[PDB]
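Here the structure is laid out as structure tokens; the discussion comes afterwards.
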Amino acid sequence: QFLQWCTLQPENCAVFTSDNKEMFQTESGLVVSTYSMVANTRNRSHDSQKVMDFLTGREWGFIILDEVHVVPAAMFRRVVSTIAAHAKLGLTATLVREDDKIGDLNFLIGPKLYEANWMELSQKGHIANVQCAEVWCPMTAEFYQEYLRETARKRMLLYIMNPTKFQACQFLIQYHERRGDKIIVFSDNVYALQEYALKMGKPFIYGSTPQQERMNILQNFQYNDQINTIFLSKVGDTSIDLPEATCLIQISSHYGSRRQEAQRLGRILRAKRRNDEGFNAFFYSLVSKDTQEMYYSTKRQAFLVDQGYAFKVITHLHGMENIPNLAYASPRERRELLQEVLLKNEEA
Amino acid sequence: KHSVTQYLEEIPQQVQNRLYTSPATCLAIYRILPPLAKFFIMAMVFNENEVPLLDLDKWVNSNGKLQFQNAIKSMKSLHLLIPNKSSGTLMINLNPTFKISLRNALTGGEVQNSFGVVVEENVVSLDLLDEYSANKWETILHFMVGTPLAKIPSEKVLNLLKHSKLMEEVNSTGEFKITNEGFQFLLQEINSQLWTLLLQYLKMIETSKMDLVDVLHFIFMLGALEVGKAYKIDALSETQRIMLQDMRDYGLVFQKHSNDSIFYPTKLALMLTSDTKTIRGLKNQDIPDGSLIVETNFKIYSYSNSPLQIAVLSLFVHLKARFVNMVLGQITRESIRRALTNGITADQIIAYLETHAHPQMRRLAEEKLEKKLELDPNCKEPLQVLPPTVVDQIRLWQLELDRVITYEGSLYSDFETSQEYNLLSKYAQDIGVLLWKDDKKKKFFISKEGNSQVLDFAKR
Amino acid sequence: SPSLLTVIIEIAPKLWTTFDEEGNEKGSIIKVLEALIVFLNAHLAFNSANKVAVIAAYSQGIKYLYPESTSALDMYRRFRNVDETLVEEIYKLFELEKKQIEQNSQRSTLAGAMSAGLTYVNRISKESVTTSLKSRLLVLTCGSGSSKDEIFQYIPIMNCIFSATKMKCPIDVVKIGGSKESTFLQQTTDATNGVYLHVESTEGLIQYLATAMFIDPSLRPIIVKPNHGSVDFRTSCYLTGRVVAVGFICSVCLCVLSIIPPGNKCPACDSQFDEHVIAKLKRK
Amino acid sequence: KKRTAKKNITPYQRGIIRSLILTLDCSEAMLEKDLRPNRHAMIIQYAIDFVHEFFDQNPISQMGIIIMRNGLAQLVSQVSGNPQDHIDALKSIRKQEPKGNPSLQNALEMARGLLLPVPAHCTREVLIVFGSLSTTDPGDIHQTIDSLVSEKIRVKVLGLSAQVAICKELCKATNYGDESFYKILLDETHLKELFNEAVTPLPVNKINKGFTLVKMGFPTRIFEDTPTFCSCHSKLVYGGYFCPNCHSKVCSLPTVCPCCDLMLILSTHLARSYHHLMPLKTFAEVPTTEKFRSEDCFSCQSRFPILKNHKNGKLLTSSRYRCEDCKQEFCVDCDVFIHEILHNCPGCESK
Amino acid sequence: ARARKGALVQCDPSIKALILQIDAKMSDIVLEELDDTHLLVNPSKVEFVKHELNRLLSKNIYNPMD
DNA sequence: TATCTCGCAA
DNA sequence: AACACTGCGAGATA
Ligand SMILES: [Zn+2]
Ligand SMILES: [Zn+2]
Ligand SMILES: [Zn+2]
Ligand SMILES: [Zn+2]
């Protein structure tokens with residue numbers, strides 16, 4: 001994502017994994033490594049051990065670190081004693097970390113010099129004003145009594161499959177194309193994703209998709225203007241974040257990982273920077289009423305208040321009643337979706 | 001608000017005239033009527049002859065007829081006038097006792113009642129016994145709300161609060177807690193509180209030896225102006241004197257000691273009608289003492305304070321450690337959920353914050369205000385004069401706990417043709433009074449403005 | 001919405017005698033004084049305790065009446081204090097009358113009265129920033145003869161008008177006297193959004209007052225009660241004295257002159273004109 | 001310690017009629033951050049204020065607005081006597097954003113073209129609100145300046161935070177040499193008062209020039225309401241004025257008759273003029289210890305006079321700033337009010 | 001002058017049906033059912049209607065808030 | 001402290 | 001001109 005945009009040539013920075021065997025003890029220049037390979041139980045091959053031996057051999061005058069808080073400081077101290085380096089560097093992310101042990105990694109490396117003052121950073125122009133909104137779509141009486149009779153996961157299949165959610169999705173899809181804004185939808189469920197991605201005519205990047213079809217959509221999204229609504233699972237957000245699309249729609253949400261969805265949503269807003277005058281980055285969440293997911297989605301918006309982002313509530317936008325292209329609006333299509341969901345609950 | 005004016009019109013006509021015999025009461029009730037009615041009454045008072053209604057219609061023009069109906073309906077309800085279908089027309093004229101009493105009051109009448117005051121050495125100091133009255137009011141407020149120690153000895157006052165069900169407290173166990181009545185008491189700042197208490201004393205003190213005419217005479221004579229000399233001594237009925245002593249106990253009378261003297265005109269009776277400034281051992285300086293906290297961060301920043309005031313604030317926010325200028329408190333959905341447990345609606349608190357806690361939020365309400373009303377048509381975006389964000393959060397908590405939608409108005413029918421229904425619907429959309437309509441049923445449940453205007457257009 | 005009604009009653013004992021001279025001497029200003037007291041009380045009651053003020057114009061100056069500048073150093077009873085104080089002051093003023101008072105009959109200080117009253121309104125409004133006062137003044141004049149239209153006060157009256165409009169202060173006027181429409185006053189009430197009332201002499205105004213001199217506080221949805229049309233065919237020619245329609249106004253002088261140019265040096269500013277321009281005018 | 005003008009030494013002549021052509025500055029420079037929103041937004045806001053004020057105090061003049069974007073002068077309001085048009089034009093502009101460099105030369109030439117129709121008795125003027133530190137001219141400039149001064153066109157400019165030599169030359173040149181008109185600002189309040197002092201007519205010491213009688217007539221309001229009919233905008237308007245001579249309706253204005261083309265006014269405009277011609281002598285501040293006058297106000301009744309011997313407090317001063325000719329006191333508020341809003345001196349009226 | 005007063009209720013049709021069920025359970029205080037989106041009720045019993053609605057929603061959902 | 005995901009290595 | 005394919009630790013979790 002950056003080091004080739006940066007001046008770094010990866011020809012010397014061999015990436016070692018203990019699986020991604022690379023050139024150790026022969027790299028003419030600097031190297032890029034990872035805590036898992038450097039010192040962890042994930043020493044699957046002796047490539048990591050050879051990298052550590054070479055690291056001991058050469059007095060590495062400096063070390064670059066990224067998010068060491070997650071990795072315990074024990075391996076850090078072990079490799080500090082093993083390598084006997086000249087200098088290091090800590091690119092921290094949190095004020096308080098689990099690696100603040102008796103031997104602080106600060107005095108192991110050096111004093112503090114700068115603090116990631118997010119109030120200074122997140123207001124001068126990068127995020128382009130987060131507008132956290134949650135579309136309060138209605139629910140139905142046939143799916144509610146069948147929702148209460150299900151529990152232990154097989155109950156989220158009745159929550160996500162809602163006929164008014166397709167009326168709120170196709171309305172926000174046609175609303176963003178009139179303003180000339182691309183859409184980058186997100187989700188959690190696998191199946192429930194392909195059923196909403198195939199009917200709307202929106203190519204998809206999901207689990208176990210071949211990369212020849214994965215990069216073709218990125219060539220039809222970054223160049224072609226006909227693909228302004230893409231559907232990505234969890235692979236297309238943790239691998240490459242797009243700096244375009246100032247309108248984000250969240251449909252499928254998982255419990256517990258509401259902070260992991262907050263880390264995913266935060267990486268998209270940080271990638272979208274160009275300092276525009278408006279630059280209104282809209283965020284929507286199609287949450288159905290009296291379901292167990294909207295009450296966990298309030299924990300996700302509570303993390304955004306902790307980041308300083310403003311959150312507003314939108315019950316319904318005055319315009320969805322005038323869209324005749326909303327699928328599952330007729331009661332016949334709502335009963336056909338009920339039979340398709342009742343067959344999905346019988347399969348799961 | 002029980003809207004004591006509604007209680008006024010509640011009473012029958014003959015006792016209404018009984019009250020109108022007292023000119024000062026006439027003046028005081030003149031103070032209350034809507035301005036339209038005020039002007040019309042002042043017109044009628046002098047020309048000793050009834051007047052056709054057509055004139056009083058043509059007096060008012062367009063976009064202001066709503067007040068015409070307000071005034072006429074009010075005045076008829078309290079029957080200050082007598083509509084007269086003399087020649088099939090409308091020969092309006094006041095209850096002539098009202099007219100004569102008022103006219104006497106305007107030019108030196110014989111209202112010995114209103115003139116019951118006495119001028120003498122008013123040795124009463126401004127702070128002198130004013131602080132005592134303020135302390136009594138604070139003591140009763142704390143005892144009713146419930147303080148750590150409630151020195152409220154108003155046995156009559158306690159009986160009024162309990163039997164009146166002033167606050168949701170277990171008087172059987174001695175509890176004086178906030179009920180819906182208690183919530184309202186927490187809501188009505190001064191005029192609301194005094195009014196609710198006066199109504200409670202009225203309802204409780206209504207059995208025997210009432211002399212309601214004398215009761216209101218005494219009440220309004222208290223609210224009118226400083227009687228001072230000879231008030232308690234001379235200017236009072238027997239039951240009037242008893243009621244005066246009771247009110248003085250209730251704080252509403254700042255009678256001096258010695259149990260026999262002229263009336264002690266405490267500022268509170270003034271506060272009953274003034275709708276003005278609210279500020280009352282020997283120390284108490286604060287035009288903005290009340291230092292509440294309320295911004296866009298939904299936090300409680302307090303420097304200025306008042307113990308009963310901050311307790312009122314705590315009635316919907318947590319307390320952990322009282323500080324020097326601050327008290328540990330942060331307003332959240334849980335904080336107002338505390339009052340939601342009492343079922344307290346997030347309605348009175350709105351205007352309360354807009355009005356109360358302002359002694360510390362003067363600059364806050366000024367910067368929010370920004371005079372963004374004349375600038376509103378030009379700059380179409382308000383400068384958070386009345387914070388909508390906080391309002392939205394409060395509505396969200398209220399919605400989270402509620403889930404029910406209701407509408408005011410009345411069902412309408414006899415829309416015989418579709419043309420009348422469609423034209424009325426178009427006119428309502430022009431005036432924004434139609435909540436909902438449908439020509440298929442020829443019915444809807446909205447305000448009466450459209451029907452009123454159509455009927456007026458048809459008949460005249 | 002409190003209002004500061006600042007009556008301005010002028011009392012010329014010359015004009016007072018004219019009022020006695022007019023019709024019969026069937027009653028002096030005393031009628032007007034009493035009616036004014038009552039109307040003042042009425043306004044004092046109408047609103048939520050909104051102040052008042054009164055100024056006079058005697059033959060040799062003006063002096064306040066109600067606000068009662070520092071001197072020592074019934075019914076609501078504030079009515080009592082206002083009225084008794086006013087009457088004490090006015091009797092004091094009537095003591096201020098003699099032949100030396102009879103001497104300076106040259107002027108008529110009404111313009112000074114209006115100007116000072118406006119200054120007062122500004123003072124009160126400025127001090128009372130909170131609870132902005134929708135103020136508005138009045139004018140009561142005993143219309144006398146011996147001068148069909150005194151004009152040496154023409155300008156200060158209009159300056160009063162402009163001050164009033166800027167200050168947003170309607171100014172209503174009641175002329176009591178002969179059937180001579182006080183043109184400048186008429187334009188004053190009409191321009192500053194007021195009301196004009198040319199009563200006859202001896203009727204007890206109180207009805208006229210309380211009717212058409214009480215609807216200007218802060219209402220204005222209500223049709224004012226002004227007399228017939230308020231033609232703005234303004235001042236007669238300075239040289240001539242006949243009301244002009246197709247004016248002929250010089251220059252930096254600004255005086256309005258008739259169709260009779262003296263040919264040079266317009267007779268209010270010494271400014272000889274281009275005789276070529278004179279001929280151009282004469283080209284008709 | 002006093003900050004007063006010593007004396008007014010042209011209280012004999014001003015340009016009562018005017019045709020001022022304000023020219024704004026909408027160019028990349030105006031986008032820096034020195035004034036609260038920017039230069040530009042604050043500028044346009046104050047421009048609106050000045051438009052209202054100027055068309056009040058000089059209610060017989062016209063005005064036109066000119067911008068300077070992308071080195072071009074694009075007229076945004078014809079020279080016209082109706083404030084609302086110019087107000088709306090400025091409203092429209094304020095939502096649009098500057099670009100290009102300020103082409104002072106082009107704006108100057110466009111003005112000189114614009115003011116040609118203005119007749120001899122009317123007086124011309126321009127008011128450059130110059131914001132940048134450069135120009136970009138497609139021609140000789142001193143050529144234009146010479147043409148200007150040939151066409152008797154005074155110019156006043158209000159630079160922003162610097163002094164530009166050419167502008168100084170420009171002001172010094174057209175205004176008969178007497179340089180006082182290139183005032184530049186150092187604060188926002190200074191800017192407000194800058195526009196305020198730009199409002200008034202402009203004397204220095206006028207050369208003896210042609211003084212000319214101008215034909216004009218006054219209208220009379222109309223009566224009927226349903227007969228709504230207009231001859232200056234061709235609409236239905238519930239009632240207006242009549243030209244005394246052309247004898248055709250004209251929507252409310254001091255405008256020029258659109259039928260026979262003669263100026264229309266009521267008088268109150270002439271009254272404003274009178275106020276500007278012959279003002280008062282500046283009120284004097286009475287001596288602190290030598291006054292011994294009445295302890296009140298005169299026009300008002302204020303209690304702010306002195307304190308009578310208070311170490312430093314009484315040693316300060318005696319708020320008795322008293323006008324000369326009537327020789328009566330007046331508190332500071334009254335004197336400020338008289339000399340600002342209403343110019344009939346209270347006492348000096350009465351004698 | 002025809003004006004039929006009452007407690008007008010407007011909501012989504014599903015909630016309308018639930019309200020009708022509850023109201024029938026508490027002896028049918030609903031005065032009229034104007035359409036699928038409006039209801040005319042006597043305001044006397046609407047408060048206990050809301051009370052029982054709260055009771056049953058607490059019974060069913062129970063707010064795990066997990 | 002029990003539970004998923006899920007990358008990860010070959 | 002053939003190796004297998006799944007175990008196993010990271011973070012996170014009610
Ligand atoms: Zn027109
Ligand atoms: Zn004409
Ligand atoms: Zn003064
Ligand atoms: Zn003077």
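Scheme for the structure tokens: letters A, B, ... for chains in order shown; per-chain residue numbers from 1; ligand numbers from 1 in order shown.
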Closest-contact table, chain F side, partner chain A, 9 Å, counting only C-alpha atoms (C1' of nucleotides), as a Markdown table:
```
| residue | atom | partner | partner_atom | distance |
| --- | --- | --- | --- | --- |
| F:8 | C1' | A:19 | CA | 7.9 |
| F:9 | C1' | A:19 | CA | 5.5 |
| F:10 | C1' | A:19 | CA | 7.5 |
```
message: With 7 Å as the limit and counting only C-alpha atoms, what residues in chain C lie close to chain D? Please list them as a ChimeraX atom specification.
response: /C:109,112,115-116,119-120,123,156,159,163,231-233,245-251,273-274,277
- request: Using DSSP on the backbone coordinates, identify all residues within range 33-212 of chain A classified as helix (DSSP H, G or I); present the result as a PyMOL selection string.
  value: chain A and resi 35-38+47-57+73-83+105-109+118-121+141-148+156-160+163-178+191-198+211-212
task: Please write out the residues within 7 Å of ligand 2 as an MDAnalysis selection string, counting only C-alpha atoms (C1' of nucleotides) and all ligand atoms.
output: chainID D and resid 243:248 257:262
Let me see the file: selected residues, C-alpha atoms, as a tab-separated table (two decimals), in the first residue's frame.
```
chain	number	residue	atom	x	y	z
D	243	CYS	CA	-45.42	61.93	-12.32
D	244	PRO	CA	-46.71	65.50	-12.14
D	245	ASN	CA	-45.85	66.03	-15.79
D	246	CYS	CA	-45.46	62.69	-17.55
D	247	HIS	CA	-48.56	61.74	-15.56
D	248	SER	CA	-47.93	57.99	-15.50
D	257	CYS	CA	-39.76	58.99	-14.46
D	258	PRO	CA	-39.73	56.21	-17.07
D	259	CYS	CA	-41.99	58.22	-19.38
D	260	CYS	CA	-40.79	61.83	-19.49
D	261	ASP	CA	-37.48	61.28	-17.70
D	262	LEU	CA	-37.37	63.82	-14.91
```
- request: Within 12 Å of chain A, which residues of chain B are there when counting only C-alpha atoms? Please give them as JSON, numbers by chain.
  value: {"B": [296, 297, 298, 388, 389, 390, 392, 393, 395, 396, 399, 400, 403]}
query: Neighbours of ligand 1 within 7 Å, counting only C-alpha atoms (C1' of nucleotides) and all ligand atoms, as a VMD selection string?
result: chain D and resid 230 to 235 250 to 251
For chain E versus chain G, which residues have an atom no more than 12 Å away, and what is each residue's nearest atom pair and distance in Å rounded to one decimal, using only C-alpha atoms (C1' of nucleotides), chain-then-number order, as a Markdown table?
```
| residue | atom | partner | partner_atom | distance |
| --- | --- | --- | --- | --- |
| E:64 | CA | G:14 | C1' | 11.9 |
| E:65 | CA | G:14 | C1' | 11.4 |
| E:66 | CA | G:14 | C1' | 7.8 |
```
Please produce a file of those selected residues containing C-alpha atoms, as a tab-separated table (two decimals), in the first residue's frame.
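Result file is result13.tsv:
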```tsv
chain	number	residue	atom	x	y	z
E	64	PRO	CA	-30.90	-8.97	26.92
E	65	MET	CA	-28.62	-6.06	25.91
E	66	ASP	CA	-25.83	-8.58	25.49
```
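All residues in range 18-137 of chain D with a DSSP state of strand (DSSP E or B), computed from the backbone, read residues 19, 20, 21, 22, 23, 62, 63, 64, 65, 66, 69, 72, 75, 76, 77, 78, 79, 80, 124, 125, 126, 127 and 128 of chain D.
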- request: Can you pull out every residue within 12 Å of residue 171 in chain B, counting only C-alpha atoms (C1' of nucleotides), but drop anything in the same chain fewer than 2 positions away, and send it as a VMD selection string?
  value: chain B and resid 143 to 144 146 155 158 to 169 173 to 178
Could those selected residues go to a file with C-alpha atoms, as an mmCIF file, in the first residue's frame?
```
data_model
loop_
_atom_site.group_PDB
_atom_site.id
_atom_site.type_symbol
_atom_site.label_atom_id
_atom_site.label_comp_id
_atom_site.auth_asym_id
_atom_site.auth_seq_id
_atom_site.Cartn_x
_atom_site.Cartn_y
_atom_site.Cartn_z
ATOM 1 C CA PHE B 143 -39.375 19.236 52.634
ATOM 2 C CA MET B 144 -41.813 18.471 49.809
ATOM 3 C CA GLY B 146 -37.342 15.625 50.401
ATOM 4 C CA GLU B 155 -48.873 20.649 59.371
ATOM 5 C CA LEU B 158 -48.217 18.913 54.841
ATOM 6 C CA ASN B 159 -51.887 17.921 54.973
ATOM 7 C CA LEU B 160 -52.540 19.942 51.820
ATOM 8 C CA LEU B 161 -49.622 18.282 50.038
ATOM 9 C CA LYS B 162 -50.690 14.792 51.108
ATOM 10 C CA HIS B 163 -54.470 14.986 50.643
ATOM 11 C CA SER B 164 -53.872 17.070 47.523
ATOM 12 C CA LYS B 165 -51.337 14.380 46.531
ATOM 13 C CA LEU B 166 -48.821 17.139 45.853
ATOM 14 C CA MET B 167 -45.924 14.722 45.394
ATOM 15 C CA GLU B 168 -45.718 10.960 44.945
ATOM 16 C CA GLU B 169 -44.506 10.371 48.482
ATOM 17 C CA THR B 173 -44.690 6.487 55.911
ATOM 18 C CA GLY B 174 -44.019 10.244 55.823
ATOM 19 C CA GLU B 175 -42.478 10.066 52.348
ATOM 20 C CA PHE B 176 -42.510 13.315 50.353
ATOM 21 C CA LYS B 177 -41.296 12.104 46.961
ATOM 22 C CA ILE B 178 -41.734 13.265 43.378
#
```
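Nearest residue to chain D among A:296, A:229, A:305, A:277 is A:277, counting only C-alpha atoms.
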message: For range 4-10 of chain E, find every residue with an atom within 10 Å (counting only C-alpha atoms (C1' of nucleotides)), except residues of its own chain fewer than 4 positions away, and show them as a PyMOL selection string.
response: (chain B and resi 404-413+436+443-446) or (chain E and resi 15-16+19+30-46)
- request: Would you list the contacts of residue 199 in chain B as number ranges by chain, taking every protein, DNA or RNA residue within 9 Å and counting only C-alpha atoms (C1' of nucleotides), but skipping same-chain residues closer than 5 positions in sequence?
  value: B: 2, 4, 7, 194, 204
message: Just the number, please: distance in Å from CA of residue 242 in chain A to CA of residue 11 in chain A, one decimal.
response: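 Going from CA of residue 242 in chain A over to CA of residue 11 in chain A, I get 26.0 Å.
The space separating CA of residue 241 in chain C from CA of residue 155 in chain C comes to 16.4 Å.
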message: If we count only C-alpha atoms (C1' of nucleotides) and set the cut-off at 8 Å, which residues sit around range 48-54 of chain E, ignoring sequence neighbours fewer than 3 positions away in its own chain? Please answer as an MDAnalysis selection string.
response: (chainID B and resid 404) or (chainID E and resid 22:23 26 45 57:58)
- request: Kindly provide, as a VMD selection string, the residues of chain B having any atom no farther than 10 Å from an atom of chain C, counting only C-alpha atoms.
  value: chain B and resid 24 27 30 to 31 35 38 to 39 42 to 43 46 to 47 59 to 64 104 to 109 111 114 to 115 224 to 226 274 to 276
Output file for the residues above (N, CA and C atoms, as a JSON list (two decimals), in the first residue's frame):
```json
[["chain", "number", "residue", "atom", "x", "y", "z"],
["B", 24, "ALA", "N", -60.75, 45.41, 42.93],
["B", 24, "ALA", "CA", -59.37, 44.96, 42.80],
["B", 24, "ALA", "C", -59.30, 43.59, 42.15],
["B", 27, "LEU", "N", -59.67, 44.09, 38.49],
["B", 27, "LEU", "CA", -58.42, 44.53, 37.87],
["B", 27, "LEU", "C", -57.46, 43.36, 37.70],
["B", 30, "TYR", "N", -58.49, 41.25, 34.99],
["B", 30, "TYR", "CA", -58.22, 41.94, 33.74],
["B", 30, "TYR", "C", -56.78, 41.70, 33.30],
["B", 31, "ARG", "N", -55.87, 41.63, 34.26],
["B", 31, "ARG", "CA", -54.47, 41.36, 33.93],
["B", 31, "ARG", "C", -54.27, 40.04, 33.21],
["B", 35, "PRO", "N", -54.58, 39.46, 25.21],
["B", 35, "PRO", "CA", -54.56, 40.89, 24.87],
["B", 35, "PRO", "C", -55.76, 41.33, 24.05],
["B", 38, "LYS", "N", -58.45, 41.89, 26.29],
["B", 38, "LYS", "CA", -58.13, 43.07, 27.09],
["B", 38, "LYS", "C", -58.56, 44.34, 26.37],
["B", 39, "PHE", "N", -58.16, 44.46, 25.10],
["B", 39, "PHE", "CA", -58.48, 45.65, 24.33],
["B", 39, "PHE", "C", -59.98, 45.79, 24.14],
["B", 42, "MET", "N", -61.58, 46.95, 27.32],
["B", 42, "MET", "CA", -61.31, 48.36, 27.58],
["B", 42, "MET", "C", -62.13, 49.25, 26.67],
["B", 43, "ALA", "N", -62.40, 48.80, 25.44],
["B", 43, "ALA", "CA", -63.30, 49.55, 24.58],
["B", 43, "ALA", "C", -64.69, 49.63, 25.20],
["B", 46, "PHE", "N", -66.64, 51.94, 28.69],
["B", 46, "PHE", "CA", -67.10, 53.31, 28.86],
["B", 46, "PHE", "C", -68.39, 53.64, 28.12],
["B", 47, "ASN", "N", -68.51, 53.29, 26.85],
["B", 47, "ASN", "CA", -69.73, 53.64, 26.12],
["B", 47, "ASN", "C", -70.88, 52.85, 26.71],
["B", 59, "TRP", "N", -63.41, 44.92, 13.35],
["B", 59, "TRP", "CA", -62.26, 45.54, 14.01],
["B", 59, "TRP", "C", -60.98, 44.79, 13.69],
["B", 60, "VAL", "N", -61.05, 43.46, 13.70],
["B", 60, "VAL", "CA", -59.90, 42.63, 13.39],
["B", 60, "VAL", "C", -59.86, 42.28, 11.91],
["B", 61, "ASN", "N", -58.66, 42.22, 11.35],
["B", 61, "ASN", "CA", -58.48, 41.91, 9.93],
["B", 61, "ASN", "C", -58.12, 40.45, 9.70],
["B", 62, "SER", "N", -57.31, 40.20, 8.67],
["B", 62, "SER", "CA", -56.88, 38.85, 8.33],
["B", 62, "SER", "C", -55.70, 38.41, 9.19],
["B", 63, "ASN", "N", -55.31, 37.14, 9.03],
["B", 63, "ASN", "CA", -54.20, 36.52, 9.77],
["B", 63, "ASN", "C", -54.07, 36.91, 11.24],
["B", 64, "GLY", "N", -55.18, 36.81, 11.97],
["B", 64, "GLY", "CA", -55.21, 37.16, 13.38],
["B", 64, "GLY", "C", -56.58, 36.94, 13.97],
["B", 104, "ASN", "N", -65.03, 52.14, 38.37],
["B", 104, "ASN", "CA", -64.72, 52.74, 39.66],
["B", 104, "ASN", "C", -63.23, 52.67, 39.93],
["B", 105, "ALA", "N", -62.62, 51.52, 39.64],
["B", 105, "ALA", "CA", -61.20, 51.34, 39.91],
["B", 105, "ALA", "C", -60.36, 52.29, 39.06],
["B", 106, "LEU", "N", -60.79, 52.53, 37.82],
["B", 106, "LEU", "CA", -60.01, 53.41, 36.95],
["B", 106, "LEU", "C", -60.07, 54.86, 37.41],
["B", 107, "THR", "N", -61.21, 55.31, 37.93],
["B", 107, "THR", "CA", -61.34, 56.69, 38.41],
["B", 107, "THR", "C", -61.94, 56.66, 39.81],
["B", 108, "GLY", "N", -61.07, 56.45, 40.80],
["B", 108, "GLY", "CA", -61.40, 56.58, 42.21],
["B", 108, "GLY", "C", -62.76, 56.02, 42.60],
["B", 109, "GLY", "N", -62.94, 54.71, 42.50],
["B", 109, "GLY", "CA", -64.18, 54.10, 42.93],
["B", 109, "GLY", "C", -64.24, 53.91, 44.43],
["B", 111, "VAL", "N", -63.96, 51.10, 46.13],
["B", 111, "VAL", "CA", -63.48, 49.75, 46.42],
["B", 111, "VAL", "C", -62.65, 49.87, 47.69],
["B", 114, "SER", "N", -59.93, 46.92, 47.74],
["B", 114, "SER", "CA", -58.64, 47.23, 47.14],
["B", 114, "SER", "C", -57.92, 48.33, 47.90],
["B", 115, "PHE", "N", -58.67, 49.29, 48.46],
["B", 115, "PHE", "CA", -58.08, 50.34, 49.27],
["B", 115, "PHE", "C", -57.85, 49.93, 50.71],
["B", 224, "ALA", "N", -52.12, 42.26, 44.58],
["B", 224, "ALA", "CA", -52.33, 43.57, 43.98],
["B", 224, "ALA", "C", -51.13, 44.47, 44.22],
["B", 225, "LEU", "N", -50.90, 44.83, 45.48],
["B", 225, "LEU", "CA", -49.82, 45.74, 45.84],
["B", 225, "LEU", "C", -49.68, 45.72, 47.35],
["B", 226, "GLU", "N", -48.66, 46.41, 47.84],
["B", 226, "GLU", "CA", -48.31, 46.41, 49.25],
["B", 226, "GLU", "C", -49.42, 47.11, 50.03],
["B", 274, "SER", "N", -46.77, 38.62, 38.73],
["B", 274, "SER", "CA", -45.85, 39.48, 38.00],
["B", 274, "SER", "C", -45.34, 38.81, 36.73],
["B", 275, "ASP", "N", -44.95, 37.54, 36.83],
["B", 275, "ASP", "CA", -44.27, 36.83, 35.75],
["B", 275, "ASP", "C", -43.03, 37.63, 35.32],
["B", 276, "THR", "N", -42.11, 37.78, 36.27],
["B", 276, "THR", "CA", -40.98, 38.69, 36.15],
["B", 276, "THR", "C", -39.79, 38.05, 36.86]]
```
message: Report, in Å to a single decimal, how far apart CA of residue 62 in chain A and CA of residue 83 in chain A are.
response: 11.0 Å
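The nearest approach to ligand 4 among the residues D:320, D:99, D:18, D:281, with only C-alpha atoms and all ligand atoms taken into account, belongs to D:281.
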message: At a cut-off of 10 Å, using only C-alpha atoms (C1' of nucleotides), what residues contact range 199-202 of chain C? Leave out same-chain residues fewer than 3 positions from it and give the result as a PyMOL selection string.
response: chain C and resi 19-20+22-29+31-32+142-143+174-179+196+205+208
